[PDB]
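Before any questions on how it binds or moves, here is one chain, the form deposited in one PDB entry, in structure tokens.
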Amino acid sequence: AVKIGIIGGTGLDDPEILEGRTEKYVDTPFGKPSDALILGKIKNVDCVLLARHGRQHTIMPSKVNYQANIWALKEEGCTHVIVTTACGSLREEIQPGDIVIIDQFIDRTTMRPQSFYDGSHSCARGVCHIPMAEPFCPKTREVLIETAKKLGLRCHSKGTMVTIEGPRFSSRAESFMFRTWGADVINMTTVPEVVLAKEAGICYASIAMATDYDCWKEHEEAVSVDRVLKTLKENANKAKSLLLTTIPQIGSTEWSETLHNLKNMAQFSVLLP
């Protein structure tokens, strides 16, 4: 049995993706999630949808309760979490509208709790040092990549996401610098979402959709809210189709060994007194 949490990003958090929808507000030891969980199905597969920024997009990236969001999805019984994220492209070949099935990140966030194990919650006791060598689930990523190909979508099979604190966009000097560091795409939301998913023993993968070229092409038009929303209006259907087609494939394959290994990695990362 699998159950797929879906965290929807900017313009990419469409409830209509699920059949048989039921709204469920929940609480967690880390506070309230961004919004109600939306329980439903894609074909025969149980899913739980959550809008990262709230359904009215009222929560800025620095203020998203990443701990509560991941905790809530885990408590609801999610084995997998597949997310969408709007992002800037830091590479000419990653064009706006392209999907990037990211496999690494570089953290530039500064304000965010990145662990459940903060010494303040009885539900998560001890000191946890989670490994981040492979932050994203390779098996889920492989299904996303194969499915994007079956759909004929422009899709990149790897990429490094730099996550900035925001909510401002990057300066041009920063944008240039991130390119030198080997970042391929830029957002404000991957970290610590991916980190907390790993601590929870959840298979996490991210559908990154390039919405802009940030500002590293000084000759070309630079990113803005309006530019991002426009690209999402034009391209969001691609992420919807990718989720709708990927999720039944995830449901049809065996995950016990993968989930056992993730559970072990999470459990063995915790030092108890």
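For clarity, a rigid core is taken as the largest C-alpha set superposing within 1.5 Å between two forms. Residues that one form lacks are left out of the comparison. Residues carry their position along the shown sequence, with the first being 1.
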Among the other compared PDB entries, is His219 dropped in a third or more? yes
Averaging C-alpha B-factors over each stretch, which comes out higher, 222 to 230 or 236 to 244? 222 to 230
Quick check: 73 to 81 versus 102 to 110, which has the larger average CA B-factor in the record? 73 to 81
Per the PDB entry, maximal CA B factor within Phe178, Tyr117, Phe169, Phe136: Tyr117
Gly152, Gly126, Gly97, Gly159, ranked by C-alpha B-factor: the highest one: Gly126
Sorting by Cα B-factor within the chain, modelled residues only, which third would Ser206 end up in: lowest, middle or highest? lowest
In terms of its chain's C-alpha B-factors, the third that includes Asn65 is the lowest
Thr147's Cα B-factor: lowest, middle or highest third of the chain? middle
Chain third (lowest, middle, highest) by recorded CA B-factor, residue given as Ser122: highest
Cα B factor band for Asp27 (lowest, middle or highest third within the chain): highest
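Keep in mind that the form deposited in another entry is not shown, yet the notes after this line are about it.
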For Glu16, decide whether the Cα shift between the shown form and the other one is 2 Å or greater, given a superposition on the rigid core. yes
Pair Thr10/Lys139, Cα separation in that other deposited form versus the displayed form, closer or farther by 3 angstroms or more: closer
Checking the C-alpha spacing of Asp14 and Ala210, a student should find that in that other deposited form it changes by 3 angstroms or more, with the atoms farther
Mind listing the moving segments between the shown form and the other one, meaning three or more residues in a row, each Cα shifted 2 angstroms or more, core aligned? 9 to 20
